[PDB]
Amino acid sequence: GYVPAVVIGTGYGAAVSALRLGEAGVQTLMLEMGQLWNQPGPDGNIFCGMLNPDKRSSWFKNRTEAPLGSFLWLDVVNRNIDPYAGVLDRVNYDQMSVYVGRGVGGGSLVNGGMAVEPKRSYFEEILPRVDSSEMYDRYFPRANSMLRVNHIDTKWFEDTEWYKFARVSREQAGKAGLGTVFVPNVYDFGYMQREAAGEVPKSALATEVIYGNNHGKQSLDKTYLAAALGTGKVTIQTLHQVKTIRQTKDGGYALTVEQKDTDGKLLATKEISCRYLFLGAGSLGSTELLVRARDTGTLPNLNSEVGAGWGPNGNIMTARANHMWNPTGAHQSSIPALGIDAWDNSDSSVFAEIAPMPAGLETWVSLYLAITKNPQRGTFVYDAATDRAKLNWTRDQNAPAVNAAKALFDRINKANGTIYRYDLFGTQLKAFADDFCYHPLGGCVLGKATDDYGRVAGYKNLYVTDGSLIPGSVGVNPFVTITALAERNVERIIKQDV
């Protein structure tokens, strides 16, 4: 049926949008293709850990996979599984694998919780049409508070075995002249201290993050979505995937929506219509819906920028082998706390997470997720034969990202007399993983496919809210930027359009 507003998805853009709609008194239905993650499973927990993956780990795959970087230690725990509506989806394109969350809360269920504001000068570079003062004065603070961002205690961090891995890389980086920074998080660091003291159930300190955290992490189901439901004006329907969007003859929008069970069986196909339609299906999901609608003729007025301008936030993974006298520890918190900030907005910029590893015994490896500034972009191109929007990105397009990451880590290796690992990503000698993405950005870029508030060009009352808006790069972990932009956009859309 009819509902005044529909929001597709339940990640960051969607959650912000639905809260503010509900507070404005607009009855809003959110459609989420994944599950509401609140049922204890066979181990009594909602989510599987990284050392006991099961079908809950994976969106319709037939075998579990090791977290990237950890195959040498964690393939031993992989098992065949039934295809199921699990929480983490590795979306394979021809030369890129994009990892996304599936469920109520989207990527907030599976991400590392790192809540970081972009550098203002870089924000101003990437989005020159946006008033940066309102962003830094009003919308970034609002996002920080609503997300429940918090900060690690420095003394605890310095003393705990669970962050030795971080301290080792800080010392090594320091020998090369390179500094680190603490990274704020939505994981409750007070809870984490209590975990280490044996006072509360472990999650971060029990090798959980990428298939969900059973405790501690303030994902969006606890923050924005809980608040949205609290307005009395928002409902969420799960295992509902929007397939098509059209403009109805009498106004508004009509959606074809498939309802499935957790085994993927089709239960019903429904028609849902609305006055206001907000897309929060992510960089991949929102872009696919709009490229499909353009190229199958159901939203024929969409422009040529729909599909364009995608980048992986410069994501590159690499690892260094420590000296024997610098073990990183068998006990590594699954939530990162430190990064190396070598980001100056130049082409050599690197912001790199000091990433924990879950093996559980000493391996001497330091792992890093680098964020770089690489101008290359891909395009989503509709394939009518398979009804899928294919990403045309080629691995050589990540050469500038690899080059930037390698120049930085070469400095660290030179200063310390260490070498890379070459065996973490596959059998072929490969020190830099250059065909994955945790931070997809773009596809429906703000001001190009849309106006400067995410109103889709060619249409009224049609909005995009999410990572698809961002022009390929933010220089930091992206969810705070997505959240703050969504706060700006929905406030303005409600004032002028609703």
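Think of the rigid core as the biggest set of C-alphas that the two forms share within 1.5 Å after superposition. The numbering used is simple: start at 1 and walk along the sequence shown.
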{"property": "Greater Cα displacement in 5 other deposited structures of this protein once the core is superposed, comparing 325-333 with 251-259", "result": "251-259"}
{"property": "Farther-lying stretch by C-alpha RMS in 5 other deposited structures of this protein (rigid core fit) among 377-385, 242-250", "result": "242-250"}
{"property": "Selected stretch [higher average CA B-factor]: 427-435 or 51-59", "result": "427-435"}
{"property": "Comparing 171-179 with 76-84, the one whose average Cα B-factor in the PDB entry is higher", "result": "171-179"}
{"property": "Member of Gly307, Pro141, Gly105, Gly282 with the greatest C-alpha B factor (per the PDB record)", "result": "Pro141"}
{"property": "Residue selected from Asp344, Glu208, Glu288, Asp89 by maximal Cα B factor", "result": "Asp344"}
{"property": "Assigned third (lowest, middle, highest) for the C-alpha B factor of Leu299", "result": "middle"}
{"property": "Third assignment of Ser121 from its chain's C-alpha B-factors", "result": "highest"}
{"property": "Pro471 - which third its CA temperature factor falls in, relative to the rest of the chain", "result": "middle"}
{"property": "Where the record places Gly216 (Cα B-factor, split into thirds across the chain)", "result": "lowest"}
{"property": "Where the record places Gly190 (Cα B-factor, split into thirds across the chain)", "result": "highest"}
